[PDB]
Structures are given as C-alpha cells and as structure tokens.
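# Can you look at this? It's an experimental structure, sequence on top.
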Amino acid sequence: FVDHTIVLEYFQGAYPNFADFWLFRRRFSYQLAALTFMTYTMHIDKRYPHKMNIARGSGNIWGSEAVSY
Amino acid sequence: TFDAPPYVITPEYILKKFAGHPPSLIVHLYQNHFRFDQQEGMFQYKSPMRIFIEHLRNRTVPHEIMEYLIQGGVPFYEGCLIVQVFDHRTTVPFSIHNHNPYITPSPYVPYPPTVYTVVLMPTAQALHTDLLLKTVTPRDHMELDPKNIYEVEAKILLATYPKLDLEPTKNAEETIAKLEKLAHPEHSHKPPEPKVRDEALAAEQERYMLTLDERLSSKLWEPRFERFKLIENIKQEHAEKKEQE
Amino acid sequence: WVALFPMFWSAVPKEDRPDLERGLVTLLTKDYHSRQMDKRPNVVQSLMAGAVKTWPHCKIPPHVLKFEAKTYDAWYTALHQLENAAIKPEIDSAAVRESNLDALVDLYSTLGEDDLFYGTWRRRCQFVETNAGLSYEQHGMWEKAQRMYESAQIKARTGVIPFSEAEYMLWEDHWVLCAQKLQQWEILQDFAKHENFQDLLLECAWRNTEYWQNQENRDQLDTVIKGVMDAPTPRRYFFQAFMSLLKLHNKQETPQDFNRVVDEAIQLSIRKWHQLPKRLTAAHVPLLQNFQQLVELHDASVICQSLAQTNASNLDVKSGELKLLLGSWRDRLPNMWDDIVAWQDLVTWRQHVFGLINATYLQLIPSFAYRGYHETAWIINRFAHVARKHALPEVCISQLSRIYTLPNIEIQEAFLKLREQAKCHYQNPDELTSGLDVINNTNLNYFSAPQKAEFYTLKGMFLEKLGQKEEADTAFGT
Amino acid sequence: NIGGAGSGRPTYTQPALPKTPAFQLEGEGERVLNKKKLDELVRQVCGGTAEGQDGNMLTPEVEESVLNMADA
Amino acid sequence: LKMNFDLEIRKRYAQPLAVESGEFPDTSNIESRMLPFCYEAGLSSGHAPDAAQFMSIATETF
C-alpha cells in the first residue's frame, strides 16, 4: 500500500521551479530538527500525522496540540 | 693480520662461521610493498627502491646505498651481508548508501610467515664506491688524500688475495684443464637473450562521463607525507627556539 | 524553448543520441558565449535547463555543468542533476561516482553551504579519524579537529590499510584552515615561504603591522603583489589598493591613481556580486564586508590627506576633526555571530590606520596626540570579548595579555585597563591561583566606586567556590 | 589559474572569467600519435613504403638509440 | 619575502624520459622540461610563450 516516496513525490510536484524546492527542503530540515528536540525533551507523546502542519510558503513546521504526558 | 676469505664464498661457510651474530638487515615482504624492521613508512616495488629487490634476487651488495648503510652502522661479515626475509606476501566504494556505526542508515537500502636467510657477496663496484666515499669524507683535513689511493687499494688487494696460482703449464691441454678447474659460479652464466618489443563502448562511456575533470581524467600514487614532516620540523624548531626565551 | 526541447528529444532515435549529446557538449563550451555573460536570460541557462529536464535520457558530464553554472548563473539547475545522480547513478563505475561527488562538493563549497559539505564528506571517508575531525570542525572545535587530522595522517603513514588521494589532500587543507582559525601565523608564514604559496604568504605578512614601515620590505612585497595580479580577484585588488594607499601616504603617488585603483576594485566586486543567485544566500556576506572595507579605504585616504596637509604647518587643531570620524567608525562593526576571521581582518586594518596616525603625531610633540593608543585598546578589548563569546581557548587571554606594554598612561587607557582586569575573571575551574594572587594585591581601588564594588563582588563570588561563606558574605556586603 | 596551491582539490576553498580546460571528445588520442611519430618520420626520410608493410622500419635496438639521441 | 627556487628544479625528474616510455618528445614534454632549466640558470621571469613549438620543430629536424 504505502511506499517510502509519497511525500517527496508530492512536494516535487508542488514546486515546478527547482530553486524553490531546494530552499524549501533546506528550511524543512532545520525546522524538523527543532521540532524533534522540542517533542523529545518534554515527553510529548501522541504525534499523529494530522498534527504536523507544513507551510508550503517557507518550510516552517508547527506541531499542534502539544502537551506533556 | 686478518683471516682471508676462500676462493669461492658460499652461503654455508658464511652462515656457519658467523652463527650466533645479529643479522645485517630484516626485510618484510607484502602484497605490493616492503619495508625494514624499524621503518615506519613503506616502499613500493615500482618505486626507485626496486634496485634493492633486484640485488636481493642476484645476491649482490647494493653499492648504490652504501653511504646510507654506513650512516646506519650496518654490520658486515667478511664483506658480505646476512639478510632475513619475512614473507607476509602469501562495499560499493563511493556509494552514499553504505552503512557504518558512525553514520545514519539511509532509506534506499533495506536495513543494516615464512622466513629466509641469505648472503650477499661483494663486488668491485663496492670497493670503488668505498674508496670514493673515503676520499670525500672529512676527518690533512680529508680522511684519504687521493694520491694515496693506489697504495691503499694495493694493500687491500694484498690482504684480500693472499695466495695465487703461479705454477707454469707446459702445453695447451694443461692450460685447458687449469681453466676448467678454476671456473667461478658468479662468472659462468649464459649469454643473454636478444631484446624484443563490447567493452570499448563501456570505456568510451566512462571517458565521456569524466569530461572536463581536472585530476581524475588524466589518470584514466605514492604518498610521502612531505608537508606533514615539514610542519613537524618547523614546529620543533619554533618550540626549541622558544625554550631559550 | 524549455517546453519544446524535451518533446523533440523524445523523437530522436535511441541509436543517434550520443552524437547529439557530444554536439551539445561542444556547443555549451563555445567561446563566443562570453558576449552574453551579463544578459540574464542567456542561451547557456536555457540549454542547461532543457537538458536537465530530461536528465536520464540526456546525459551531460557533471563538470561541464559545474563549470558553466558558476559563470552563467545556473547554480540550482546543476545542483538538481548533481544530487539526483548520487541517489541513482547512471553508470555502475567507481570513477563516475567519485567525479560526481567531487563536483557536488565543489558547488557546495562555492555556495557557502557548510553543513551539506560536512554531511557529504562524512558519508564518503574511510578512516574514523576523518569522520571525527569533520564532525568536530562542524561544531567549531578547531584544536580537536587538528589533533584528529594529525592522528589520521600518522596512522595512514603505516600503510597497512589503503586509502584514497582525496582524503590525503583533505587532511592537509583542513589542517591549514584550522591553523588559520587558531591564529598560528608565525609557523604558517614559514610554511608558505617553503611551499611557494603566494596568497598565504600575503595573508601572513599582512598581519605584521611594523613589517610595512620599512621601505625595503614594502618594495619587496610590491613584487609579490604584482606577481599575483594577472588573475585579479577581490582580495588581490584589496591588497593592491592597500599598497597604493601606503604609497600615497609617503608622497610617492597621486590621489588620482588611488581613486582609479579603488574604482577598478569596486567594479570587480559588483561584477562578482552579479554572478550569484538573486535571493540572499550565505555567499553574499563576505561581499558586503568587502563593500564596507572599500568605503573605509576611501575614508582612510581622506584621513591621511587631511592629516599630512594640516600637520605640514604644525596646527594641532585637527584632533577634534578626527574625533568625529573615529566616533563614526566606532559604530560599524560585524555581528557577534560572524566569522572570527572577519573580526581578525577588521582589527588588523584598524591597527594599521591607527599606527599611521600615531607615527604622524609622535614626531610633532617633541594628551591630544595619544588617541591612536586609546582606539587600539578599545578595538582590542572588543575583539577579546567577541573571541571569548566564540569559546576560543587562550585567544581572548592572549589578546588581553599582549596589551601589557602600552605608553601614555591616561584616564581613558587606565579605565580600559581596569575594564580588562575586571574581564580577567573568566569563571573557569582550576584558576584559583590567579584569583588568589589578584585578591592579595592588584593596583588600587581608589579610581571609582562602581569599579571597586564590582571587584569586591567578583572576589566574593570567587571565594564562594572555595567554600569561604562568611568571607564572601562580608565582601559583597561591603 | 595562478597561486600555486593547486586545482581540482575536493576541499573547502575566484576571477570573473576563468579559462576552459582542454579536452578532446573522441579520437585517436595522444598515446597513439606520439608512438606513431617516429614511424612517420622514418617514412618521410626513407623515401616511401610500399603497400602492405609499414611501422617496422627500425629494429628494436635502433629505436632506443634514436630516443636517447632525442633526449640528449 | 623570498621564493624557494629549489622546489621547482626538483620537478625535472618526475616526468619519464623518451626511452623509458617510448614516446617521441613533443610540445608538452618540452614545455614541462623548460621551467626547471630556466630556474637553474637564474631566469626568474621564465620563457617566451612560443618556445616549446620551436624546440619541437628543431628536434624533429635534427
């Protein structure tokens, strides 16, 4: 059912110009690192896929409904 | 007075006479390089040091590195050298998908000697080199004035060959027999031999793909660590100078 | 064109593609394209984009793309194919993979993307010392990186385990870089002299202020500067402009030549700015610093002209005039998180200018004529604080200790010295001897109430670590 | 490229317009032309060679002498 | 300051000889050999751009 190249395919399709995709990915990596630290130190548990918000305009990530368990 | 060598020197005589003494040199042989016991680097068989291996094959003293051998105080045994030879001779490179305990996994792959003793005999080139080195080694000043070279060589020859064959023959058969009897193994070789003189698509594809590559294109490598040694020398000199201040 | 090329390439028979690929490579490297460098839509960009839109069915060598991208502003078009060929190489061959990786790393280095460079070189090396040294260089720990590189070289000397040549070059290059970051110029000068490295030699020689005062020394440096001038670059043009300024200061040149040199430097800087991607990347910062350097070069030229002309008649009134410009210069500083070498360059340049001023003003007196020393002390103190925030071992201490000898004891210099002494308390372990000796006796505390109060507070805090509860209690109560 | 540091080093590092390195897309290659040069000279001076034979105009011992002559 | 003239003269022995490789000397090899000879004699500037071809033609004529 679910292979490992779905999100990459979507976001390659969302940016016809490659410079935009390159910059978006560069921002996304740093943002995911920050979110990982945040979620790991504070014991935030139920990180379902519908709680990750990705801004197609910059590459920002906002994890919603983040509470400690 | 010193004991003089026999007419023909053989490995048996030298090894028996000088048993219980340290060997002159120890050489370790690997798949593609060799080194000495206390050497930290290495020598390639294709490098200029192939002369040493050739001499080892031919059992001849290497007169070309005589001064280097002298500096190291290598011992001689009646002008020969005993050498011990140790025989050690007997994934997907440049892929970013390889794993390593110090690296992230990656998502495109599923998941994580014989020993020998030999003797090297001396030659005339060795004596020539010895005298030449003595001529230009300061101690009069110099260790050997050239004008005395002939007398020194005469005395060395007198010591080396104390007995000769000075018995006349009476006919041609006697001379033939004497020539046959006195033959020498090192001078009984034979005359040499006259001197003599599908995948293409893959090779062409690789050559095309390496176009305009500055360094790898030419090749399609003998490190010596010279810059590192220069840095070490300068650092030592600077530290030593700072010691005074 | 970029919409049409793939459709027409799809119609070429598969047996004729190599000929068209060779023709395309031949057309890309033509010499008449240089009459189109500045026009933004140029044919090189269009051809490269069209070729890369169908990369698997149209192959272009990595280094052709790398060479063209830097000159015709097609950086991301080249990055696309270069880092798509790493995931899925077109041909199964070690040499092709290595060449592709080399081109990719070159582009990353030129664009100023450090993290991707380190991440790419860490998945490629074979020794563990190379990996550890690269990782320690990533987090700005230069001493550890140097030690790891030394260990890697020493262990490679044995020869039991084979290695490649790229790692061999990397060890040397990054050892030199780490040495530069650690301010080891004394040995680098002799290394460059022995190795015949002209640019490194100039960089080392520029760090010696007194070396540029002797006529023979500068006549010598002129030959090296002229030798490296057939391939002009912004740094070489800066060195030429600095030499021109020095010549002008000594009545050996007209201001017009200086202005012409500065104009050429500015034009080259603008041309290099126009070749980068439009949006602000990490490669633009050094060019902005260069712009500031050129502005201050002109300002220093005005300084020298006014100083010489006004002091020709022995008129000690221009100190007030110089004060305004110096105050203006006191507010143009880099950001704290900028590279340390930038601060090094700023400090060296300001030291050169202040040395010129001091040399001109010292021959006249035999208060108002001792401003260069105050400015040097201020800039050195600021650099020491910045170096401390960079966690550089002994660099801040070395700078604060190299200022032991300075004449013209004045209120400003005395206050700066007291501030430096207050800064000597780094709050580091195993420094009890220095604190105890300072507590024993250190100058006088009669200067100002706040200074002595903070000194007593520091003494009490230091005593707190040793466990002297009541002693520190009384100290900061007082 | 001036400076003496070297070119093509894959490490952490420019003029406005660098010069293009030399290259050849496909052909005989220098390794063959340089080896055929001596035979070409021999053909030139020898007057002419008949059909069905060429290249072997000097014995192995004379080619070494000629190369030594050139070097000296 | 100073130029180490002893680091380029040593480069002469890196390239193989004509007898060693079997290739008739050409413009590239002569150009490679030119610089150490110039540095040995004290010609700091170097050599004229169009000397290697002249030398190659002379060698062919000889």
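Happy to help now that I have it. Numbers count the residues shown, from 1 in each chain, chains lettered A, B, ... in the order given.

# and residue 60, how many neighbours?
Just so you know, I chose chain A. 15 (other CB atoms under 10 Å in any protein chain shown). The C-beta positions use only the backbone N, C-alpha and C, and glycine is treated the same way.

# try chain C instead
Count around residue C:60 with other CB under 10 Å applied: 21.

# swap in the one 5 residues further on?
For residue C:65, the neighbour count with other CB under 10 Å is 24.

# can you pull out the helices in the stretch 201-350 of chain C?
Assigned helices in the stretch 201-350 of chain C, in chain order: C:215-227, C:234-249, C:255-273, C:285-311, C:318-329, C:340-362 (criterion: DSSP state H, counting those that start in this stretch).

# The fifth one - contacts with which helices or strands?
Spelled out, that is helix C:318-329. When contacts are defined as 3 or more CB pairs under 8 Å, 6 or more residues apart in numbering or on different chains; DSSP states H and E, helix C:318-329 packs onto helix C:285-311, helix C:371-389.

# cool, and the last one?
The contact analysis (3+ CB pairs under 8 Å, 6+ apart) places helix C:340-362 against helix C:165-181, helix C:285-311, helix C:371-389.

# how about the second one, does it reach chain D?
No - counting by CB under 8 Å from any CB of the partner chain, chain D is not contacted by helix C:285-311; separation bottoms out at 11.4 Å.

# got it, and the shortest one?
Yes - remark: helix C:165-181 sits within contact range of chain D at C:166, C:169-170, C:173-174, C:177, by CB under 8 Å from any CB.

# Same list (the helices and strands packed on helix C:340-362) but as TSV, adding distance to residue E:21.
Output for the helices and strands packed on helix C:340-362, formatted as TSV (distance: least, CB to CB, whole Å):
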stretch	distance to residue E:21
helix C:165-181	22
helix C:285-311	46
helix C:371-389	55
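
# Quick one: closest of those helices to chain B.
helix C:165-181 (5.3 Å; CB to the nearest CB).

# Give the burial count for residue B:91, as a bare number.
With other CB under 10 Å as criterion, residue B:91 counts 6.

# Might you report the residue contacts of it?
residue B:98 (CB atoms under 8 Å, 6 or more residues apart in numbering or on different chains).

# now it: how far from residue B:98?
Distance, residue B:91 to residue B:98, by CB to CB, to the nearest Å: 6 Å.

# sorry, back to before: among the helices of the stretch 201-350 of chain C, which is nearest residue D:62?
Closest approach to residue D:62 among the helices of the stretch 201-350 of chain C is made by helix C:215-227 (47.0 Å; CB to CB).

# Counting neighbours, which bits of the closest one end up buried?
Of the residues in helix C:215-227, C:218, C:221, C:224-225 count as buried by neighbour count, 16 or more other CB atoms under 10 Å in any protein chain shown.

# which among the residues you listed gets closest to residue C:253?
If you rank those by distance to residue C:253 using CB to CB, residue C:218 comes first, at 12.5 Å.

# From residue C:362, how far out is that closest one?
To residue C:362, residue C:218 is 20 Å away according to CB to CB.

# cool, residue C:382 as well?
Where residue C:362 is concerned, residue C:382 sits at a distance of 25 Å (CB to CB).

# if I read this right, residue C:212 contacts residue C:348, doesn't it?
No - Residue C:212 is not in contact with residue C:348 according to CB atoms under 8 Å; the separation is 11.0 Å.

# And those two? Which one has more around it.
A direct count of neighbours by other CB under 10 Å for residue C:212 and residue C:348 places residue C:212 higher, at 17 against 13.

# Residues of chain D that sit close to chain C?
So far as CB under 8 Å from any CB goes, chain D lies against chain C at D:1-5, D:8-18, D:20, D:25-26.

# do chain B as well
So far as CB under 8 Å from any CB goes, chain B lies against chain C at B:33, B:35, B:40-42, B:93-96, B:98, B:102-103, B:108, B:205-206, B:208-214, B:216, B:220-221, B:223, B:225, B:227-228, B:230-231, B:234-235, B:238.

# Separate out the buried members of the residues you listed.
Neighbour-count burial (16+ other CB under 10 Å) applied to the residues of chain B next to chain C gives B:33, B:35, B:42, B:94-96, B:205, B:208-213, B:216, B:225, B:227-228, B:231, B:234.

# where's whichever residue of chain A sits closest to chain D, which helix or strand?
Chain D sits closest to residue A:26 of chain A, with a gap of 18.9 Å, by CB to the nearest CB. In this assignment (DSSP states H and E), residue A:26 forms part of helix A:18-41.

# hmm, that helix in reach of chain B?
No - using CB under 8 Å from any CB, helix A:18-41 stays clear of chain B, with a minimum separation of 12.7 Å.

# picking that back up, take the helices and strands packed on helix C:340-362 and lay them out in JSON lines including distance to chain E and mean neighbour count.
Below are these laid out as JSON lines (distance: least, CB to the nearest CB, whole Å; neighbours: other CB atoms under 10 Å in any protein chain shown):
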{"stretch": "helix C:165-181", "distance to chain E": "16", "mean neighbour count": "19"}
{"stretch": "helix C:285-311", "distance to chain E": "25", "mean neighbour count": "16"}
{"stretch": "helix C:371-389", "distance to chain E": "26", "mean neighbour count": "19"}
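
# Nearest to residue C:456, out of the ones you listed?
helix C:371-389 (22.1 Å).

# tilt between that closest one and helix C:318-329?
Counting by axes from the mean of the first three to the mean of the last three CA atoms, to 10 degrees, helix C:371-389 lies at 20 degrees to helix C:318-329.

# Contacts for helix C:371-389, please.
Residues contacting helix C:371-389 (CB under 8 Å, 6+ apart): C:319, C:322-323, C:326, C:330, C:333, C:336, C:340, C:343-344, C:346-347, C:350-351, C:354-355, C:357-358, C:361, C:395-396, C:399-400, C:402-403, C:406-408, C:410, C:412-413, C:416-417, C:419-420, C:423, C:426.

# now do stretch C:269-282
The contact list for stretch C:269-282, computed with CB under 8 Å, 6+ apart, reads A:19, A:23, C:38, C:70-71, C:73, C:75-76, C:111-113, C:234, C:237, C:283-284, C:287, C:290-291, C:294, D:14, D:16.

# Any of these buried? List them.
A:19, A:23, C:70-71, C:73, C:75-76, C:111, C:113, C:234, C:237, C:283, C:290, C:294.

# out of those residues, which one sits closest to residue C:437?
Distance to residue C:437 across the buried ones among the contacts of stretch C:269-282 (CB to CB) is lowest for residue C:290, with 45.3 Å.

# That closest one against residue C:237, yeah?
No - the criterion here is CB under 8 Å, and residue C:290 misses it with residue C:237 at 9.4 Å.

# For chain E, what lies in contact range of chain D?
Counting by CB under 8 Å from any CB, the positions of chain E adjacent to chain D are E:17-19, E:22-26, E:59-60, E:62.

# Would you mind measuring from the residue most central in space within chain B to chain E?
Nearest to the mean C-alpha position of chain B, counting by CA atoms, centre = their mean, stands residue B:52 at 2.2 Å. Residue B:52 is 19 Å from chain E, where distance means CB to the nearest CB, to the nearest Å.

# Enumerate every residue touching that residue.
Taking CB under 8 Å, 6+ apart as the contact definition, residue B:52 lies against B:43, B:62, B:65.

# Filter those residues down to the ones in strands?
If you go by DSSP state E, the contacts of residue B:52 have residue B:43 in strands.

# possible to save the contacts of residue B:52 as a markdown table with neighbour count?
Formatted as a markdown table, these follow (neighbours: other CB atoms under 10 Å in any protein chain shown):
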| residue | neighbour count |
| --- | --- |
| B:43 | 19 |
| B:62 | 20 |
| B:65 | 17 |
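
# out of everything not next to it in sequence, what's closest to the residue in chain A that chain C sits nearest to?
Proximity to chain C, evaluated over chain A using CB to the nearest CB, is greatest for residue A:19 at 4.3 Å. Nearest residue to residue A:19 in three dimensions, chain neighbours excluded: residue C:76, at 4.3 Å (CB to CB, 6 or more residues apart in numbering or on different chains).

# Quick check: the one you found vs residue C:273, distance?
18 Å.

# Select only the buried ones of the residues of chain D next to chain C in ChimeraX?
The ChimeraX selection below is limited to those of the residues of chain D next to chain C classed as buried (16+ other CB under 10 Å):
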select /D:4,5,8,9,10,11,12
